[PDB]
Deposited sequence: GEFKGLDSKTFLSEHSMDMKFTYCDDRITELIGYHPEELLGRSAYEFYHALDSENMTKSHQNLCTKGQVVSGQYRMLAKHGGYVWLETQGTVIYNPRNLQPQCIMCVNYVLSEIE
């Protein structure tokens, strides 16, 4: 089984939740290629039962600026849902993007 560091990866989102960048590491964890994620909303990936909570978590992020998602399912490329927890950090410049540190709770390997 993979340790914590090996189950942690970065993603970056525009304010509408679209992927603008993702670590290569997502591929061994959740199957997606970063290339295929660019331009797609994070929201297209959430289990419907966690959907409500992710919307509130988002709204909280936009007003606080940093927020911990708490536990949620994300649909994996090749079927089934994986448990994650995410820390979100908004980057404002002179809001420019959101930095997500994602940790996969599910057992991997």
| query | finding |
| --- | --- |
| Deposited-sequence ranges lacking C-alpha coordinates, in sequence order | 1 to 2, 97 to 100 |
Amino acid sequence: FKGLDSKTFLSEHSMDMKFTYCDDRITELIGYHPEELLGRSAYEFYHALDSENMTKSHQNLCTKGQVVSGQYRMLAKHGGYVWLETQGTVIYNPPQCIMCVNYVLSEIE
From here on, numbers count along this sequence of modelled residues.
| query | finding |
| --- | --- |
| Other PDB entries, at least a third, lacking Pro94 | yes |
| Of 72 to 80 and 39 to 47, the stretch whose C-alpha atoms average the higher B-factor in the entry | 72 to 80 |
| 22 to 30 versus 53 to 61 - greater average Cα B-factor per the deposited record | 53 to 61 |
| Which of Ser11, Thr89, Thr86, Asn93 ranks first by CA B-factor in the deposited coordinates | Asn93 |
| Modelled-residue ranking by C-alpha temperature factor, third containing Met15 | middle |
